[PDB]
Amino acid sequence: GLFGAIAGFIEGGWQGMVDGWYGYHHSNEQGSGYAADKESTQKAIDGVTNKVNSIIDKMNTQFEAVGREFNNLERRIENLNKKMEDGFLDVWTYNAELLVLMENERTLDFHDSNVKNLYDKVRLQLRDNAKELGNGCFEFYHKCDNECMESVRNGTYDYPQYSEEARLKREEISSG
Amino acid sequence: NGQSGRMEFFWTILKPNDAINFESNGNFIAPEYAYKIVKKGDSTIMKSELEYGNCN
Ligand SMILES: *[C@@H]1O[C@H](CO)[C@@H](O[C@@H]2O[C@H](CO)[C@@H](O)[C@H](O)[C@H]2NC(C)=O)[C@H](O)[C@H]1NC(C)=O
Ligand SMILES: *[C@@H]1O[C@H](CO)[C@@H](O)[C@H](O)[C@H]1NC(C)=O
């Protein structure tokens with residue numbers, strides 16, 4: 001997809017993530033588990049809901065064919081009537097099929113964008129307090145218990161709190 | 001239908017308080033019944049070979 005996340009650097013989706021479209025899986029001394037990102041999920045639902053409504057609203061006034069009859073010496077106007085009615089039905093068939101293919105392309109890229117932005121939201125909070133593994137996961141250089149994990153998921157991660165613990169660990173590793 | 005003669009029919013809408021006057025010395029197919037328009041609204045003449053389906 002355009003944003004490189006879904007079936008991209010994140011190899012596949014999670015059957016285990018049932019309560020959000022995008023979210024997290026963590027593992028620490030306390031255990032492991034899934035959690036939805038409810039904010040990005042809700043934003044995306046709102047966008048798709050509006051999209052569906054927009055598409056239907058804009059098609060709300062389109063052409064309505066009406067039966068009209070003509071006698072055997074009104075063939076020219078009969079033919080003009082047929083072409084006119086068919087002409088609008090072709091315009092509107094095109095408008096609907098095309099709009100649906102275009103918006104479908106945009107919806108699937110919108111999801112990819114949302115996953116990418118969630119990953120970056122975590123990446124830019126953690127900075128060098130964790131290692132990027134390249135597969136959508138981060139390995140922390142400090143212990144990160146459940147309240148700490150929740151601070152990452154809710155955008156309140158406190159980098160200064162853990163920066164010295166992480167520095168010591170980064171140095172241990174880099175010193176070999 | 002067995003006949004070489006032809007009947008040609010005509011119609012008009014006669015507005016309230018107007019009158020229609022006929023005069024003829026032959027070949028006249030005269031009105032007996034006419035149709036008062038008592039309800040106007042959306043309708044259509046739909047071309048179909050189907051008949052009533054007893055549904056709504
Ligand atoms: C059809 O009949 C009505 C009578 O019921 C005629 O209207 C009247 O015309 C007279 C004038 O001769 C007036 O005094 C009445 O007030 C009218 N009545 C109404 C209800 O308008 C009407 O002229 C007749 N139509 C024609 C074309 O002869
Ligand atoms: C975010 O998570 C932390 C858990 O460590 C919690 O203390 C805080 O109340 C949460 N804040 C918001 C804004 O939800």
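In what follows, chains carry the letters A, B, and so on, assigned in the order in which the sequence lines appear, proteins first and then strands, with residues in each chain numbered from 1. Read the numbers this way: they start at 1 and go in the same order the structure lists the ligands and their atoms.
Exactly one residue among A:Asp109, A:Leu101, A:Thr107 makes a side-chain contact (heavy atoms from CB on, under 4.5 Å) with A:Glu105. That residue is A:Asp109.
Using the six-membered ring where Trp is involved, A:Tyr157 and A:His142 have ring planes that are parallel, under 30° apart on the 30 and 60° scheme.
Counting only distance, with no hydrogens or angles, the side chain of A:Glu165 and the backbone of A:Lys143 share a donor-acceptor pair below 3.5 Å.
Taking the ring centre of A:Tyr141 as origin, the terminal cationic atom of A:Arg167 falls outside the region bounded by 6.0 Å and 45° from the ring axis.
Linking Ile, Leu, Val, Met, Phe, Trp and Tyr residues whenever their side-chain heavy atoms come within less than 4.5 Å leaves A:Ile10 and A:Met17 in two separate clusters.
If you check the side chains of A:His26 and A:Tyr34, you find no donor sitting under 3.5 Å from an acceptor.
Between A:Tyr24 and A:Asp37, some side-chain heavy-atom pair lies under the 4.5 Å cut-off. Taking 4.5 Å as the limit, some side-chain heavy atom of A:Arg123 sits within range of a side-chain heavy atom of A:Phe138.
Protein residues with any heavy atom under 4.0 Å from ligand 1: B:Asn17, B:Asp18, B:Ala19. For ligand 2, the 4.0 Å heavy-atom shell takes in A:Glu147, A:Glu150, A:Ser151, A:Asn154, A:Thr156, ordered by chain and residue number.
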Practice problem: Step by step, work out the salt bridge (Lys or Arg N to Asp or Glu O under 4.0 Å) result for A:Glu85 and A:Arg68. | Solution: CA-CA 11 Å; A:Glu85 292 209 326; A:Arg68 293 181 189 89; 3.0 Å; yes
